[PDB]
Each structure stands twice: as C-alpha cells, then as structure tokens.
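Asker: Mapping of the sequence shown onto the entry's author numbering: residues 22 to 470, in sequence order.
If you scroll down you'll find the structure; I have some questions about it.
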Amino acid sequence: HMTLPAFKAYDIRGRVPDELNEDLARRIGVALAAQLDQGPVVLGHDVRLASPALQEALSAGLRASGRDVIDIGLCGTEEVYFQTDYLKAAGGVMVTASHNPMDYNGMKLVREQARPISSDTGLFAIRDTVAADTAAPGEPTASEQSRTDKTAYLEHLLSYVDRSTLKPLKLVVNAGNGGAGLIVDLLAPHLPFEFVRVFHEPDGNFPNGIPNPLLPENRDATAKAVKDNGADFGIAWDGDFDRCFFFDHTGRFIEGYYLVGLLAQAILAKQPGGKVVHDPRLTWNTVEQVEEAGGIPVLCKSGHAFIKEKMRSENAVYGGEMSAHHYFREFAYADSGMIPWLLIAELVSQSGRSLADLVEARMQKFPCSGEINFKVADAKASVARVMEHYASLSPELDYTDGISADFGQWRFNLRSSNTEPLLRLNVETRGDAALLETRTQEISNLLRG
Ligand SMILES: O=P(O)(O)O[C@H]1O[C@H](CO)[C@@H](O)[C@H](O)[C@H]1O
Ligand SMILES: [Mg+2]
C-alpha cells in the first residue's frame with residue numbers, strides 16, 4: 022500500500038492497530054500542530070473502547086509540539102465542533118469510529134471556527150507529514166486542561182425552542198448504546214417531554230449492535246418502541262450522534278429528504294428570508310418548501326465540507342442533506358443531531374399536527390426512490406449506458422455533483438461517492454409513484470448491465 026489507507030476524503034478512518042494506532046495518533050497530533058493557526062486544540066472522543074487511548078496519544082503529540090489541549094472528554098462529534106468555535110480554539114479533533122466495525126476507529130479534524138480539514142484542505146498534508154515522520158517523540162511542552170462543562174452547549178441547544186410553547190409529548194429516544202443518551206438526560210430536566218429510553222446506556226461493546234438506524238433490524242427497534250408505547254414520535258442516532266433519524270407515531274421511518282424541507286421551514290419561522298443550502302440528490306420538495314416559507318434555496322454539491330463553505334459564503338441560516346446531516350449557522354455552521362429533534366418537537370407542539378401529517382402530503386407530492394447504491398465493474402461505462410439510453414428524451418442536465426437529469430415530471434441524480442468506491446442513485450417524480458418505480462428499475466438495469 023503506497024499511502025496510509027486510513028486517510029480518507031473527509032476524515033481518518035481505519036482498522037486498529039494496522040491502519041490506526043497510538044503511534045500514528047501521536048504523529049497526527051504533531052502534524053496537526055503544524056497545520057493550524059495560533060491557539061489550543063479541543064479533543065473529544067466517543068464510546069469506543071480504544072478511543073480514550075487514541076485521544077491521549079493525540080494529546081501527547083500536540084503538547085510535545087507546544088499546543089495546549091482542552092479535553093472535553095466523552096462527547097458527541099458536534100460538541101467538538103461547538104467547543105472549538107465557542108472557546109475560539111485553533112482547532113479540534115473528535116476521536117470516533119461512527120458506524121464502522123468493532124476493530125475500527127478514526128478521527129474528524131477541524132481548524133478555527135470548526136472549519137473542516139479535508140483531504141484537499143490539510144488532511145493529506147497531515148498524512149504526508151505523518152508518512153515521512155521518523156523523529157523520536159519529544160516530551161510535552163504544553164499543558165492539558167479538563168473541561169467537561171456542557172452548560173454553554175446545552176444552553177445553545179435549548180435556545181432553538183420556546184420552552185413555554187412545548188407540550189408534554191411522549192418521545193422514544195434510541196441512542197443505540199452510543200453517546201446520545203447523556204445529552205438527552207441533561208436536556209430532560211428543562212423539557213416537558215416524556216422520554217421512552219431505548220438502548221440508552223453508553224456501551225462500547227455494543228450489545229445491541231453498532232449504532233446505525235438505517236439498518237432495518239436497528240430501525241425496527243425504534244419503530245416497535247414507538248408503536249408499543251403510543252409515542253408521538255421516535256428519534257434514533259448514530260454513535261457520535263451527529264446524525265438523527267425520525268419515526269412518526271405509526272412507527273414509520275421518515276426518509277431524510279423530507280426533513281430538509283421541514284427543518285428549513287422551522288428555521289425560517291425564526292429567521293425570515295434566510296438562505297437555505299441543500300444538496301443536488303433530491304431537490305424539488307426542498308426548493309418548494311423553502312420558497313413557500315419565504316426562504317431562498319441554494320444548490321450545493323453534497324458533502325459536509327462543501328455544504329459548510331457554501332453556507333458561510335451565503336450567510337445561510339440552515340443547510341440540510343438527505344443523508345441525515347443538518348447544519349445550523351449559529352452552531353458554528355456545523356451539524357447537530359440534537360437541534361433537529363428539538364425543532365421538530367416544537368413544530369409538533371405548536372401546530373397540533375403529528376409528525377406524520379407534517380410530511381405526509383410532501384411525500385405524496387414528491388416521492389423518491391431512496392438512495393440506491395451500486396458496486397459495478399466499470400462505473401464510468403455504467404453511467405455512460407444510462408445517459409446514452411435517455412439521450413433522445415433530451416433531459417436538462419446539471420453537473421454540480423455527478424449528473425443530474427431533469428425530464429420534467431421526473432429527475433435523477435447519479436453520483437460517485439467520495440467516501441466509498443460506489444455509485445449512488447436518487448430518483449424523484451412529481452406525484453407519480455408508478456413513474457418513480459419504472460424509471461428507478463430502468464436505471465438500475467442499465468447500471469447493472
Ligand atoms: O459518500 P458520499 O455520498 O460522497 O458522502 C456521504 O458522506 C458525507 C459525510 O458523511 C456526507 O456529507 C454526504 O452527504 C454523504 O452522501
Ligand atoms: Mg456520525
């Protein structure tokens with residue numbers, strides 16, 4: 022292997038100990054110090070068994086390079102984002118494995134204002150430094166401070182809702198033995214909600230499976246809890262809870278697409294006329310709901326780094342991806358798995374409408390395929406077959422992010438993943454479920470052919 026495999030497009034991601042270990046972690050700390058502007062570095066970690074050791078190695082390398090370290094301890098990814106920005110630190114690293122296997126771990130790195138460090142914005146520079154670094158470890162010349170106070174973070178979360186307007190909704194919450202439960206419990210004394218706690222305790226051994234609400238078996242655990250307890254709706258998170266997933270009162274999982282438009286309207290009620298950033302995979306419903314709420318929709322390439330920089334350049338109040346990532350301007354332009362369900366709970370409380378009713382007509386008006394992934398022998402040839410087949414229909418074509426083709430009553434986006442060697446397909450139609458299925462199956466056949 023010519024270069025270190027753990028260094029991916031957006032983050033560091035690999036098997037312990039051959040792709041990621043304490044030695045590499047320490048070298049990464051040293052290299053990161055050379056890439057940042059002045060200031061301390063915030064460090065946090067998730068519930069994985071190896072994460073504290075990796076964070077300590079990271080701290081050792083940073084402090085050997087004269088960087089003060091602010092250890093915010095066991096946390097969610099968004100807390101590293103928030104505290105980095107809030108404390109005006111030089112940068113931050115979250116040690117997390119997200120939903121990777123048990124023998125895996127990783128790191129998400131940010132600089133000032135929690136601005137992402139990605140492959141083309143410092144991460145491969147870090148990789149190359151680490152790759153060539155054979156120097157003996159130096160000793161720490163800077164200190165580490167423990168800062169586990171979450172008051173500022175919690176106040177920021179609560180600032181998104183008028184607590185006097187909240188109703189005592191019954192909410193299922195499913196941390197999947199990740200870290201989300203700790204924050205829910207800290208918020209609960211300040212909320213009127215009745216919580217039904219599922220897989221609630223943090224446990225890096227993951228007795229009920231690695232947190233991933235998109236897997237049907239994991240999905241059903243939240244769904245069952247909602248139905249059995251007559252909950253208003255249910256929320257589940259991934260391990261580092263920067264992704265949230267919603268289940269209405271019938272137990273039905275709500276496709277992430279529709280929450281972009283819903284959350285946009287929620288935010289626009291608080292910040293009128295604002296711009297809203299969205300990705301190009303699924304678009305029609307978002308554009309319509311944003312515009313109807315008096316907002317301005319802004320098309321952007323998918324990927325958190327693209328989304329965040331677009332929001333910054335546009336002073337956008339909110340950004341959302343169909344892949345369950347939701348970004349908020351005052352939250353350091355960063356994603357949160359907590360702010361969205363607070364906003365939705367407030368929406369349900371104030372409107373008297375169920376989460377089901379809030380999205381029902383939208384799902385009927387703009388039905389989507391869901392993201393469908395393809396691993397084929399020749400991605401480029403497969404894309405060519407699709408485009409050649411639809412040429413005679415003369416679709417409107419857009420190349421913001423792969424290929425978007427607008428045929429009038431239906432459209433698709435076809436993308437190479439930046440994080441996996443996959444093709445990703447998304448189809449939607451104008452209120453036509455039949456057209457949706459036939460076109461989705463047609464494209465599927467073409468890609469596989
Ligand atoms: O592999 P992709 O599709 O390129 O990228 C995926 O991971 C990114 C970071 O989690 C997300 O921001 C994208 O929305 C998601 O599609
Ligand atoms: Mg995550």
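Note that the Cβ used here is the ideal one computed from N, Cα and C, for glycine as well.
1. In chain order, what are the residue ranges of uninterrupted beta strand (DSSP E) at least 3 long that sit wholly in the stretch 146-182?
2. Which residues in the same chain have their Cβ closer than 6 Å to the Cβ of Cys-321, if we skip the five residues on either side of it in sequence?
3. How should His-22 be labelled, buried or exposed, when 16 other C-beta atoms within 10 angstroms of its C-beta is the threshold for buried?
4. Who are the near neighbours of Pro-213 in its chain, counting only those whose CB is closer than 6 Å to its CB and skipping five residues on each side?
5. Do you know whose CA, among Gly-199, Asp-58, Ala-163, lies nearest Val-131's CA?
6. So what's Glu-215 in DSSP terms, helix, strand or just coil?
7. Indicate the three-state DSSP secondary structure (helix, strand or coil) for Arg-436 in the structure shown.
8. Give the straight-line distance between the Cα atoms of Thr-169 and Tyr-420, rounded to the nearest whole angstrom.
9. Report the residue from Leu-41, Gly-429, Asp-44 whose alpha carbon sits nearest the alpha carbon of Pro-416.
10. Which value, in whole angstroms, describes the spacing of the CA atoms of residue 536 and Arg-469?
11. At what residues does the alpha helix (DSSP H) containing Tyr-102 begin and finish?
12. Regarding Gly-97 and ligand 1, is the C-beta to nearest heavy atom distance less than 8 Å?
13. Suppose the cutoff is 6 Å on Cβ atoms and the five residues either side in sequence are ignored; what does the same chain contact list for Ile-424 look like?
14. Taking all protein chains shown into account, do 16 or more other C-beta atoms lie within 10 angstroms of the C-beta of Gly-197, making it buried, or fewer, making it exposed?
15. Please confirm whether any heavy atom of ligand 1 lies closer than 8 Å to the CB of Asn-439.
16. Please confirm whether any heavy atom of ligand 2 lies closer than 8 Å to the CB of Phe-266.
17. Using the three-state DSSP reduction, which class does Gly-127 fall into: helix, strand or coil?
18. Straight-line CA distance for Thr-24 to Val-311?
19. Verify the contact flag: residue 1, CB atom, against every heavy atom of ligand 1, threshold strictly below 8 Å.
20. Would you tell me roughly how many angstroms separate the C-alpha atoms of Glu-381 and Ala-146, rounded to the nearest one?
21. Any heavy atom of ligand 1 closer than 8 Å to the Cβ of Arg-436?
22. Enumerate in chain order the residues of its own chain whose CB-to-CB distance from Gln-76 is below 7 Å, with the five nearest sequence positions on each side excluded.
23. To the nearest angstrom, how far is the alpha carbon of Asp-259 from that of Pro-442?
24. Rounded to the nearest angstrom, what separates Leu-175 and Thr-155 at their Cα positions?
25. When you compare each of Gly-230, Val-369, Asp-253 to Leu-284 by their alpha carbons, which one comes out closest?
Answerer: Taking the geometry as given:
1. 165-167
2. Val-298, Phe-327, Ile-328, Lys-331
3. exposed
4. Take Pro-213, set aside five residues on each side of it, and the residues of its chain with a beta-carbon closer than 6 Å to its own are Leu-187, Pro-189, in chain order.
5. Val-131 has its Cα closest to that of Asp-58, out of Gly-199, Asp-58, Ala-163.
6. strand
7. Reduced to three states, the DSSP call for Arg-436 is strand.
8. 45 Å
9. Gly-429
10. An answer regarding residue 536 cannot be provided, because it is not within the stretch 22 to 470 covered by the chain.
11. If you look at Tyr-102, you'll find it in the alpha helix (DSSP H) that goes 98-107.
12. no
13. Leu-435
14. buried
15. Correct: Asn-439 has its Cβ closer than 8 Å to ligand 1.
16. no
17. strand
18. 44 Å
19. Shown here, the chain extends from 22 to 470; a query on residue 1 therefore has no answer.
20. 47 Å
21. Yes - ligand 1 has a heavy atom lying nearer than 8 Å to the Cβ of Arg-436.
22. So the list reads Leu-64, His-66, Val-116, once near-sequence residues are dropped.
23. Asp-259 and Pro-442 have their alpha carbons spaced roughly 22 Å apart.
24. When the Cα atoms are used, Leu-175 and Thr-155 turn out to be separated by approximately 42 Å.
25. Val-369
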